[PDB]
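Protein chains in written order, with the numbering used here: chain W, 128 to 177; chain S, 115 to 197; chain H, 3 to 52; chain Z, 260 to 308; chain X, 94 to 531; chain C, 94 to 531.
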Ligand SMILES: Nc1nc2c(ncn2[C@@H]2O[C@H](COP(=O)(O)OP(=O)(O)OP(=O)(O)O)[C@@H](O)[C@H]2O)c(=O)[nH]1
Ligand SMILES: Nc1nc2c(ncn2[C@@H]2O[C@H](COP(=O)(O)OP(=O)(O)OP(=O)(O)O)[C@@H](O)[C@H]2O)c(=O)[nH]1
């Protein structure tokens, strides 16, 4: 029966990327311009000093 | 009288007989019977003993089956209309 | 959201393991070199006694 | 030789950490989601409406 | 299914593949050991790796590529690298004798006894594959071993396998920089051989690659790793359609059908728009419009050709990341209505859009940007003939004074095949203006 | 019931046999003492050993194999070995005079007074046996004591017992390697004597056995222990049908009825597919497909013959391990679809598949692979005539200048018998051509 549960688990993955995709729908709303991009450069500018 | 069966040359005579002898660089390698000491006689002749060999050829390469791309600005048939 | 958080934590833990083994192998190599050097050092001491 | 001894102390700390972390990963990677699969479905949670 | 095989020839062609497969292991989270963590992704080899790796029951992701060289120097060191356990030892086909930049020596002297070995690899890789859309040929025109050996094998894989695609990628010779003066010899030798057999040959020139680095990436001091990263990013971008999905999914078959207008000429130009230093995109914004302006900005191309000196035929754009059709169709509508971009009148539309939702991810210890909206701009224009025009006047002099011929006639070649290529080349240019001429 | 008899002639034919029961005792767990643990497997001699060993009420597994030798050197050292307590003293037939590589010396001078004694072993083994399907003859064409002695005894066992099979196994003469120049003499003598009596003669060659070793087994310096291990594995696989069962069970009679097309020619080729190093098997995968491709790869055969130089008649597959009909029948169907594989049009089907569930086990102190799916490739083709045509051009050279004849005419022969063998051979290739000609 566990195989029926894993195909339930991957469906639980599908709904969540749908939860994610609506997040990415609102991410695109934010990604008019985003902010985690700012966070990324901090490490990039950090290592550049190194 | 049994005729000797014509020795079938499934290559062999052609290849394997000549293949044994061909991959052989012998009569050469450990050393000669002696070094033929070059008596002071001569050397090459005014820049002789060269490798230059200008050949003459035009040999065709394989076939580009790939046919001509254009029709050199020509026409197919269009515009056939009937009232 | 519970399931998502669990998955993220597990991934971080795996990364930590990777770093650990990375350190271990070079520790191994370094100690081997150190031992060989100290043996050469005793030999040099006797040679100097000569 | 002192530095050498310090090196073995470092490595022994390392392997103890290895064992601890391996145990933790086994536990959480095994028990949780395997039991979590039993989570019911939305319609029967709606009561077979 | 949707899988292919990559090939790496020429001593240059193997370090580039290394970085590509180095890049490829990151997006799949491949540990250098060869296995996934306790996470359930291993099986009958059918997952995101099935199109790229072969992670069979042993759990080891086997890359679907064969690395071929003739000098053991580089291949032994990578055999002592970090992922050498991943790489199959005899897929790293090594050699003991070089081609000495000689196309023919790499085509006649040693290639005969080695191709049978690699052909065994091909068929033993052919049998395990299922869909096998085509091949990835990584090489170089100025191939120290790339020129001669690739030419023979691509002939051999063509004759037995003529029903699938063959994708060619080589560094275009630098227009004014030459690390070899015999490089023109084999380069035109390679081109004329491949024209009737190569399916899609894609080029690149390193000078403008360096020029980009200190233009926008602000790196006045880059490295091959950086160069390999961006070409590795380039091939990663075109292969993301195989990896992930998007609004629509497109394949090399569509690429082939829609990009090449007519036979022979199959030499478009790739380009990646969001090439910027991280700190520059830090306080600025990137969107579809400006990257479209940037991707069509003439100095952003890696090939020394002015598009205003030529005319456009085809353009393929591949948006990887988060996009919406609304701005995409509007922006290109502005682009289609742009005056300076001189498309040939023969094509009403020439635009092949590819959409992939997955954002391009960074590489640890990298240098690139932080991209949400990425596009690889593949395009074909008439401004390319100048390069071959640059090539011929170089060759016509040096051939007329027949330099280095003693080398090639010494090892058994002769002038006729050299003669053939020039009108074969002259055929190439004379085709280029007539397609330009409406 | 299901049993057979083993015969070992030639001083080099005994160490190879020695390994067999060294191998055989492992998969049965036979202790070198000669007894199992206290667990109840003893009786009148009826269990997995009953087909091979004779563990009577005394409880000692007695191998059903007579080792005949003409020099007490190697037979006594193994008589001082590890399993000598298992072995019957005078079943280990020792000898006091050599044949000096002379066929007729072992066939006339000394074989007379020895064959009567060894025949006593055969009948005293025959009487205790019940079904005794056939005989296992291990020898060598360059048999210093194999060639001459076997020829006489095989004649004698043929005339008294013509109602049962006799299976012959000899190292084929090394094609381009000759450790003895008289070898073409006695070899052609053996062949013409055996053509009208031998049931099924199977050949192997040492060179290709080593060639495999440093190709995929990755051993640049193996030993006889490995070489004997490989062939001992081969005979173990063919005897697994006697030992264990499978999806279907086959017998040497089926092998005989279906392999030999017509009288005379009974000389197929055997091969083992899963030949790989332990580590290579570790991070790779085994399945029916690739081993089917590997087993039909031309360089995996142990005989210096190009299959594309000839054409196929029969192919027998002995799948030992876990396989299903589905992939097996699908894979062979694709093999039938292959065009390079050239079976003779006389046989639409020539496929004899054998399935055995038991996985091939490893040997302690061994170097073999990890086998879950094995197959033994018994196959006969027309590309075999090269071997004899290699012998005759050698032989016709010496015979015209009649070297070493003073040795042979010295101890009592003439040239007529040497004459017969040449047209006896000349029949073979003229038979080979006609069967080769469709
Ligand atoms: N794409 C790419 N090209 C390179 C790289 N390094 C050098 N090159 C250039 O590409 C050419 C490679 O051709 P070759 O030099 O003949 O290399 P090869 O045929 O593999 O073998 P060699 O003769 O030993 O060098 C060189 O002439 C360089 O100018 C690199 O890392 N990547
Ligand atoms: N069958 C077999 N042959 C071997 C082995 N090792 C080497 N050989 C070769 O096989 C040949 C064995 O035949 P012979 O030399 O005639 O041996 P013999 O007939 O038992 O008696 P001798 O003439 O005394 O050696 C040798 O010449 C070797 O070249 C082995 O382990 N088994």
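Built from N, CA and C at the ideal position, the CB exists for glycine as well.
Mind checking which residues open and close the alpha helix (DSSP H) that includes residue i?
i: residue 193 of chain X; result: Counting along the chain, residue 193 of chain X falls outside any alpha helix (DSSP H), and DSSP gives it neither H nor E.
i: residue 146 of chain W; result: 129-157
i: residue 491 of chain X; result: 478-493
i: residue 285 of chain X; result: 276-287
i: residue 526 of chain X; result: 509-529
i: residue 118 of chain X; result: 104-120
i: residue 498 of chain X; result: 498-503
i: residue 7 of chain H; result: 4-51
i: residue 294 of chain Z; result: 261-295
i: residue 249 of chain X; result: 239-253
i: residue 165 of chain X; result: 165-171
i: residue 220 of chain C; result: 204-221
Considering only DSSP beta bridges, list what residue i is partnered with.
i: residue 232 of chain X; result: X/263
i: residue 199 of chain C; result: Residue 199 of chain C is not bridged to any residue.
i: residue 466 of chain C; result: C/414
i: residue 157 of chain S; result: DSSP output for residue 157 of chain S lists no bridge partner at all.
i: residue 447 of chain C; result: C/411
i: residue 185 of chain C; result: C/160
Any beta carbon from chain H within less than 9 Å of residue i's own beta carbon?
i: residue 140 of chain X; result: no
i: residue 288 of chain Z; result: yes
i: residue 269 of chain Z; result: yes
i: residue 262 of chain Z; result: yes
Is there at least one Cβ from chain W nearer than 9 Å to residue i's Cβ?
i: residue 378 of chain X; result: yes
i: residue 365 of chain X; result: no
i: residue 292 of chain Z; result: yes
Tell me, please, whether the CB atom of residue i is closer than 9 Å to any CB atom in chain C?
i: residue 392 of chain X; result: no
i: residue 178 of chain X; result: yes
i: residue 131 of chain S; result: yes
Could you give the residue range of the beta strand (DSSP E) that holds residue i?
i: residue 101 of chain X; result: 98-101
i: residue 407 of chain C; result: 405-413
i: residue 130 of chain S; result: No beta strand (DSSP E) contains residue 130 of chain S, which is instead part of the alpha helix (DSSP H) from 130-136.
i: residue 293 of chain X; result: 293-297
Closest to residue i by CA distance: which of the options is it?
i: residue 452 of chain X; options: W/173, W/148 and W/169; result: W/148
i: residue 121 of chain X; options: X/147, X/437 and X/101; result: X/147
i: residue 191 of chain C; options: C/240, C/495 and C/144; result: C/240
i: residue 364 of chain C; options: C/383, C/328 and C/354; result: C/328
i: residue 341 of chain C; options: C/100, C/279, C/292 and C/414; result: C/414
i: residue 450 of chain C; options: C/411, C/480 and C/485; result: C/411
i: residue 321 of chain X; options: X/370, X/250 and X/460; result: X/460
i: residue 360 of chain C; options: C/199, C/262 and C/416; result: C/262
i: residue 159 of chain C; options: C/257, C/218, C/496 and C/206; result: C/218
Using a C-beta cutoff of 9 Å, does residue i count as contacting chain S?
i: residue 494 of chain C; result: no
Let me see if you follow: with CB-CB separation under 9 Å, is residue i close to chain Z or not?
i: residue 31 of chain H; result: no
i: residue 38 of chain H; result: no
i: residue 17 of chain H; result: no
Is there a Cβ of chain X sitting closer than 9 Å to that of residue i, yes or no?
i: residue 168 of chain W; result: yes
i: residue 166 of chain S; result: yes
Between residue i and ligand 3, is there a pair consisting of the residue's CB and a ligand heavy atom that are separated by less than 8 Å?
i: residue 191 of chain C; result: Ligand 3 is absent from the structure shown, which contains only ligand 1 and ligand 2.
Original post:
What residues in the stretch 169-189 of chain S bring their beta carbon closer than 9 Å to a beta carbon of chain A?
Top reply: Among the protein chains of the structure shown, namely W, S, H, Z, X and C, there is no chain A.
**OP:** Pick out the complete alpha helix (DSSP H) segments inside the stretch 362-389 of chain C, 4 residues or longer, and give them in chain order.
**Re:** For the stretch 362-389 of chain C, the continuous alpha helix (DSSP H) assignments of 4+ residues that do not extend past its boundaries occur at 371-375 and 381-388, in sequence order.
**OP:** Any chance you could list the beta strand (DSSP E) runs of at least 3 consecutive residues sitting entirely within the stretch 305-357 of chain C, in chain order?
**Re:** Taken in chain order, the whole beta strand (DSSP E) runs of length 3 or more contained in the stretch 305-357 of chain C number zero.
**OP:** Could you pull out every unbroken beta strand (DSSP E) segment of at least 3 residues lying fully inside the stretch 120-159 of chain X, listed in chain order?
**Re:** If we require 3 residues or more, the beta strand (DSSP E) runs fully inside the stretch 120-159 of chain X come out as 146-148 and 154-156.
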